[PDB]
Amino acid sequence: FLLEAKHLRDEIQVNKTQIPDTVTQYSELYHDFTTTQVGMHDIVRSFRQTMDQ
Amino acid sequence: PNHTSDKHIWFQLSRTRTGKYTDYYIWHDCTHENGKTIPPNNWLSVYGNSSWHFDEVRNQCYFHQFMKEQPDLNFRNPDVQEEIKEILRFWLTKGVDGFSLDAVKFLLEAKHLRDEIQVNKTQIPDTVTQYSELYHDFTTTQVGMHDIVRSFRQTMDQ
Ligand SMILES: *[C@@H]1O[C@H](CO)[C@@H](O[C@@H]2O[C@H](CO)[C@@H](O)[C@H](O)[C@H]2NC(C)=O)[C@H](O)[C@H]1NC(C)=O
Ligand SMILES: *[C@@H]1O[C@H](CO)[C@@H](O[C@@H]2O[C@H](CO)[C@@H](O)[C@H](O)[C@H]2NC(C)=O)[C@H](O)[C@H]1NC(C)=O
Ligand SMILES: *[C@@H]1O[C@H](CO)[C@@H](O[C@@H]2O[C@H](CO)[C@@H](O)[C@H](O)[C@H]2NC(C)=O)[C@H](O)[C@H]1NC(C)=O
Ligand SMILES: [Ca+2]
Ligand SMILES: [Ca+2]
C-alpha cells in the first residue's frame with residue numbers, strides 16, 4: 001500500500017452496470033491504481049540497503 | 001528486443017505448437033466468424049485499429065504492439081530472456097562496443113487483460129480506433145520491465 005498512481009483516475013468496477021454512487025465495499029472495485037505501483041520494490045530494496053550497514 | 005517478424009522461424013514453429021516454441025508469443029482465444037474477429041479486449045495498436053490479430057493455423061489471436069506483421073514476444077517466459085541474452089553475447093563477442101535498446105516501455109503488459117479507460121467516456125465503444133483515444137495504463141511501463149533492463153545490463157557487464 002506504499003505508492004499510489006499520480007494521475008488520480010477512477011478504478012474499474014467489478015459490476016459495470018452498478019450505479020456509481022452506490023459503491024461502498026472495498027471488494028467492489030479492482031485495485032490497479034492503489035496497490036503495487038512502480039517503485040515500491042525500489043523502496044523495499046532501499047530499506048534493505050539501509051539495514052545492510 | 002520487443003518483437004520479431006512473422007517470417008521468423010520462432011513464429012513459424014509457434015503457430016504450429018511445436019515444442020517449447022509454443023509459448024514464445026502471447027496467444028489467446030478469440031471468436032472469428034463470417035470474416036470478422038472479436039478481440040479479447042479493446043486494446044489498440046500504435047499504428048492502427050487493434051492489437052489482436054487472428055491466425056488460421058493455430059485458430060487463435062496473437063498480440064502485436066505495432067503492426068500485424070510484428071508479433072510481440074513473451075518476456076514472462078525465461079526461455080525468451082535466455083535467447084535475448086544469447087543474441088546479446090553473440091553481438092558483443094564480435095567487437096560491438098555498445099547497444100541502444102529500442103522500445104523498452106512496450107516490453108511487458110498486464111496479465112488480467114482488462115479494458116483501458118477511454119479519454120472520452122461517452123464515446124461509443126465500437127467507434128474507437130485511434131491510439132490517442134485511450135489511456136495506456138495496462139500496456140506500457142508495467143511492473144518488472146526495469147528488472148529486465150537491469151538483467152540486460154548485468155549480462156553486458158560480463
Ligand atoms: C450486478 O451484476 C448483476 C449480474 O452480474 C446484475 O444484477 C442485476 O441488475 C439488474 C439491472 O436492473 C437488476 O434488476 C438487479 O440488480 C439484477 N437483476 C435482477 C433483476 O435481479 C447487474 O449487473 C448488477 N446489479 C445491479 C445492482 O444492477
Ligand atoms: C483499419 O484502420 C483504417 C485506417 O486507420 C480504418 O479505416 C480504413 O481506412 C482505409 C484507408 O483509406 C480504407 O481503405 C478502409 O476502407 C477503411 N476501413 C473502413 C472504412 O472500414 C479502419 O478502422 C480499418 N480498416 C481496415 C480495412 O481494416
Ligand atoms: C467527446 O467529448 C465531447 C466533449 O468533450 C462530447 O462531444 C459531444 O457529444 C455529443 C453527444 O451526442 C454529440 O452531440 C457530439 O459528439 C458532441 N456535442 C455536439 C453537440 O457536437 C462527447 O463527450 C464526445 N463526443 C461524442 C462523439 O459524443
Ligand atoms: Ca501509501
Ligand atoms: Ca511486449
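Criteria and thresholds
Residues numbered from 1 in each chain as written, not as in the entry; some residues may be left out. Chains lettered and ligands numbered in written order. Part of a larger assembly, values for the part shown. Heavy atoms only, no water. Pairing = 2+ DSSP bridges. Helix = DSSP H or I, 4+ residues; strand = E, 2+ residues; numbered from the N terminus. Donors = N, O, S within 2.8 Å, 3.2 Å for Na, K, Ca; no water. Tetrahedral: all angles 85-135°; square planar, octahedral: opposite > 155°, others 65-115°. Core = buried A, V, L, I, M, F, W, Y, C linked by side-chain atoms within 4.5 Å. Buried < 20%, exposed > 50% of the residue type's maximum accessible area, 1.4 Å probe, protein only. Contact = heavy atoms within 4.5 Å. Disulfide = S-S within 2.5 Å.

Structure determination for this PDB entry is given in the record as cryo-EM, at a resolution of 2.64 Å.

Draft legend 1. Up close: the sheet that holds strand β5 (residues 61-63) of chain B. Residue and element names in this part refer to chain B. If you walk across this open sheet you meet the 3 strands as β1-β5-β4, and the pairing is antiparallel. Lying at the two open borders of the sheet, with one neighbouring strand each, are β1 (27-28) and β4 (52-54). Looking at chain direction, β4 and β5 are connected through 3 bridges and run antiparallel. Of the residues in β5, the one forming a bridge with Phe-54 is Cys-61.

Draft legend 2. Highlighting the coordination of the calcium ion (ligand 5). Residue and element names in this part refer to chain B. Within the protein, the atoms that donate to the calcium ion (ligand 5) are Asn-2 (OD1), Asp-72 (OD), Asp-72 (OD), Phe-106 (O), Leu-107 (O) and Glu-109 (OE), at distances of 2.5 to 2.6 Å. Its 6 donor atoms give the calcium ion (ligand 5) angles of 51 to 157° at the centre, a pattern that matches the irregular case. In the primary sequence, the donor residues of the calcium ion (ligand 5) line up as N-x69-D-x33-F-L-x1-E. Taken together, the positions of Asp-72 in the loop between β5 and α2 (78-92) and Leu-107 in the loop between α2 and α3 (145-156) put the pair 35 residues apart, joining distant regions of the chain.

Draft legend 3. Region of interest: the nonpolar core. B:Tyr25, B:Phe75, B:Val80 and B:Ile148 are the most contacted members of the largest nonpolar core, which has 16 residues in total. At the level of secondary structure, the elements contributing two or more residues to this core comprise α1 (9-14), α2 and α3 of chain B. Beyond its immediate sequence surroundings of up to four residues, B:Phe75 is in contact with B:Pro1, B:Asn2, B:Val80, B:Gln81, B:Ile84, B:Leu107, B:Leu108 and B:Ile148. A:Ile12, B:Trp43, B:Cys61 and B:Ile117 belong to the second largest nonpolar core, which has 12 residues in total.

Draft legend 4. Structural context of the state of the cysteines. Residue and element names in this part refer to chain B. Applying the stated rule across the entire model yields 1 disulfide over all chains. Put simply, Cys-30 and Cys-61 are joined by a disulfide, and their sulfur atoms are 2.0 Å apart. Handedness here is read from the sign of the S-S torsion; for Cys-30 and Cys-61, about 95°, the answer is right-handed. Residue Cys-30 is found in the loop between β1 and β2 (31-33), and its partner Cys-61 is found in strand β5; the two are separated by 31 residues along the sequence. The class of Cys-30 is buried, set by a relative accessible area of 19%.

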